[PDB]
Visitor: 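Provided herewith is a single structure, encoded as structure tokens, for subsequent inquiry.
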Amino acid sequence: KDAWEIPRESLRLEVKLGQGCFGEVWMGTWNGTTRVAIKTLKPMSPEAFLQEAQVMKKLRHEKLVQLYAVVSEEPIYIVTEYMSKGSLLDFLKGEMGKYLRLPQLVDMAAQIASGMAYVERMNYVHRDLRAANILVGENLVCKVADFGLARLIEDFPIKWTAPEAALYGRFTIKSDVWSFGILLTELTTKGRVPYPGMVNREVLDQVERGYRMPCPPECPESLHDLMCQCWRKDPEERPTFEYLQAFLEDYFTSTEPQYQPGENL
Ligand SMILES: Cl[C@@H](Cn1ncc2c(Nc3ccccc3)nc(SCCN3CCOCC3)nc21)c1ccccc1
């Protein structure tokens, strides 16, 4: 069959970590040694499910969650590297939140940008970029997840969605850039919901009129400016992820060489 295929007895499902309507997510072990994450399809979605993990077989990048193995006959199991810290959202909101300062948060943003730069140059579109869908491991490693497979399973995050995508279905790498700007506010507020106190309908009406979130407290204006570039009305005017990565990687030398730590950032 396939070199990614593994026998069912090589997988040991240990701790259940997530529940869905179409399947489950587990932590476990592969070949008795390798710590892994496991998704199951409930025999729910068609056998088009495997067309998505075929993408995961094609895509390979240090900042994308790495496919390890598949069980492609029903009931299907998908195995990837294990991200010990869960979602970025949970990480930012939990015990680690209060310790993270701008240097850590901007480095995490740089990693996410690097993953998204790979997506960009491969001509993919994520469609649901936000902190809930980023995974965190040891040493503050951050990775983009199974965006294609997650998109298939998901068939409303309009606070993270560019107006042209939310209104006219134009989902592009550029609407992903918009989402990345929103993700930057998640980082700098340590996981707070964007547009605080606004309902979905308010957000749509306001963003249309040109409203953009203001500079978060203690966030340098230069980083809020970067967010504003990501939130440009014209998608083609928004920066590339290649530009975002470079800007974020060089931030504390080229952009804020006089940064001083504060109470929260
Ligand atoms: Cl399971 C692990 C996070 N993680 N690591 C890999 C991985 C992973 N890799 C993968 C595996 C098969 C097919 C596609 C992708 N997928 C996921 S999706 C689970 C997200 N879920 C985590 C629990 O809370 C609700 C949201 N989460 C993952 C985790 C560790 C500690 C706490 C919570 C989750």
Side-chain angles (χ1 to χ4, degrees), residues 15-19 25 27 35 37 62-65 80-116 126 128-147 150 157-161 176-200 203 212-228 230-231 241 244-245 247-249 251-252 255-256 258-265:
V15 184
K16 195 202 276 181
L17 294 169
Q19 266 290 160
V25 184
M27 111 99 97
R35 194 136 232 74
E62 55 167 2
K63 303 298 177 177
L64 262 65
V65 62
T80 68
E81 72 181 297
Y82 182 64
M83 305 298 294
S84 57
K85 259 69 202 182
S87 71
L88 177 58
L89 186 55
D90 300 342
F91 188 74
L92 294 166
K93 285 162 72 64
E95 177 193 45
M96 287 302 299
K98 95 270 269 167
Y99 298 114
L100 297 170
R101 294 293 182 269
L102 202 70
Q104 291 76 41
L105 299 166
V106 165
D107 177 90
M108 297 169 93
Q111 291 181 67
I112 298 164
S114 175
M116 288 303 302
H126 187 300
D128 199 16
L129 183 59
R130 60 196 174 114
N133 295 342
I134 303 296
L135 304 179
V136 181
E138 307 297 318
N139 196 17
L140 291 185
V141 171
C142 295
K143 305 191 191 195
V144 181
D146 61 309
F147 54 92
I158 68 102
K159 286 174 205 164
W160 289 259
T161 307
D176 283 346
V177 168
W178 179 290
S179 298
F180 185 81
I182 307 292
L183 195 161
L184 294 166
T185 72
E186 292 183 287
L187 283 161
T188 58
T189 59
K190 323 214 158 155
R192 294 312 304 269
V193 174
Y195 311 94
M198 280 163 75
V199 297
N200 281 353
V203 175
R212 298 297 186 263
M213 282 177 276
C215 193
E218 296 176 44
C219 178
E221 320 263 59
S222 65
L223 190 58
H224 181 246
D225 170 59
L226 191 75
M227 300 168 192
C228 291
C230 292
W231 305 329
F241 278 108
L244 295 157
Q245 182 186 346
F247 177 97
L248 292 162
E249 287 170 353
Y251 187 80
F252 290 99
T255 310
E256 292 296 331
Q258 316 309 318
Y259 163 81
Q260 287 304 319
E263 283 302 286
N264 296 285
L265 296 172

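Count residues from 1 along the sequence. Any value given below was found using the heavy atoms of this structure, including those in side chains, with hydrogens, waters and symmetry copies removed.
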Visitor: Are side-chain heavy atoms of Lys159 and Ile182 found at a separation under 4.5 Å?
Guide: no
Visitor: How many angstroms lie between atom CZ of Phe247 and atom CG of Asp225, to the nearest 0.5 angstrom?
Guide: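 Interatomic distance, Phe247 CZ to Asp225 CG, rounded to 0.5 Å: 7.0 Å.
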Visitor: Quick check: do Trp178 and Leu129 have side-chain heavy atoms less than 4.5 Å from each other?
Guide: no
Visitor: Check whether any side-chain N or O of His224 sits under 3.5 Å from a backbone N or O of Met213 as a donor-acceptor pair, and report yes or no.
Guide: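 Between the backbone of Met213 and the side chain of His224 there is a qualifying donor-acceptor contact (under 3.5 Å).
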Visitor: Does some side-chain heavy atom of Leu244 sit less than 4.5 Å from a side-chain heavy atom of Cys230?
Guide: yes
Visitor: When rounded to the nearest 0.5 angstrom, what is the spacing between CD in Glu221 and CE in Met227?
Guide: 10.5 Å
Visitor: Give the minimum heavy-atom separation between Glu81 and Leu64, together with the two atoms involved.
Guide: OE2-O, 3.6 Å
Visitor: Set out, in order, the CA-CA distance, both residues' side-chain angles and the distance that settles side-chain contact (heavy atoms from CB on, under 4.5 Å) for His126 and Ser179, then state yes or no.
Guide: CA-CA 10 Å; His126 187 300; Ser179 298; over 6 Å; no
Visitor: What pair of heavy atoms forms the shortest contact from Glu186 to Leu89, and how long is it?
Guide: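 Nearest heavy atoms, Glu186 then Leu89: OE2-CD1, 4.1 Å.
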Visitor: Taking all non-hydrogen atoms of both residues, which atom of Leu248 and which atom of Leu226 are closest, and how far apart?
Guide: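 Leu248 and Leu226 have their closest heavy atoms at CD2-CD2, 3.9 Å.
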Visitor: Roughly how far, to the nearest 0.5 Å, is the NZ atom of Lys85 from the CE atom of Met96?
Guide: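 Answer for the CE-NZ pair, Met96 versus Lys85, is 8.0 Å.
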Visitor: Shortest non-hydrogen contact from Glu138 to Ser84?
Guide: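 Shortest heavy-atom separation between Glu138 and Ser84 comes out as OE2-OG, 2.6 Å.
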Visitor: Indicate yes or no: at least one non-hydrogen side-chain atom of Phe91 is less than 4.5 angstrom from one of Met83.
Guide: no
Visitor: Evaluate the side-chain proximity of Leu265 to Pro216: yes if any heavy-atom separation is below 4.5 Å, no if none is.
Guide: no
Visitor: If you count heavy atoms of other groups shown closer than 6.0 angstrom to CD of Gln19, is the number above 12?
Guide: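 Enclosed: over 12 neighbouring heavy atoms sit under 6.0 Å from CD of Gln19.
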Visitor: With no hydrogens and no angle check, is any side-chain donor or acceptor of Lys143 less than 3.5 Å from a backbone partner on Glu62?
Guide: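 Indeed, once roles are kept as given, a pair shorter than 3.5 Å links the two residues.
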Visitor: Compare all side-chain heavy atoms of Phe180 with those of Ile112 and state whether any distance is below 4.5 angstrom.
Guide: yes
Visitor: I need the minimum non-hydrogen distance between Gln245 and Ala110, along with the two atoms involved.
Guide: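 Looks like CG-O, 3.9 Å.
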Visitor: Taking all atoms of both residues into account, what is the closest heavy-atom pair of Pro103 and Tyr259, and its distance?
Guide: CD-OH, 3.4 Å
Visitor: Within the supplied structure, the quantity of interest is the number of heavy atoms (other residues, nucleotides, ligands) at a distance under 6.0 Å from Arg192 CZ; does it exceed 12?
Guide: no
Visitor: What residue among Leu100, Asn264, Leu223 forms side chain to side chain contact (heavy atoms under 4.5 Å, CB included) with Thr188?
Guide: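 Checked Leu100, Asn264, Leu223 against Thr188; only one passes side chain to side chain contact (heavy atoms under 4.5 Å, CB included): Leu223.
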Visitor: With no hydrogens and no angle check, is any side-chain donor or acceptor of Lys190 less than 3.5 Å from a backbone partner on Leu187?
Guide: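 Checking the backbone N and O of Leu187 against the side chain of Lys190, no donor-acceptor pair under 3.5 Å is found.
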Visitor: Report yes or no: is the cationic atom of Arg130 (NZ for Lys, CZ for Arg) closer than 6.0 Å to the six-membered ring centre of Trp160, at no more than 45° off its axis?
Guide: yes
Visitor: To the nearest 0.5 Å, how far apart are OG in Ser87 and CD1 in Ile134?
Guide: 9.5 Å
Visitor: Would you say that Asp176 contacts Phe147 through its side chain, given a criterion of any heavy-atom pair below 4.5 Å between the two side chains?
Guide: no
Visitor: Any chance you could measure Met116, atom CE, to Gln111, atom CD, to the nearest 0.5 Å?
Guide: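 Atom-to-atom, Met116:CE and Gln111:CD are 14.5 Å apart.
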Visitor: Return the CG to CH2 distance between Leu184 and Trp231, rounded to the nearest 0.5 Å.
Guide: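 One gets 8.0 Å once the value is rounded to the nearest 0.5 Å.
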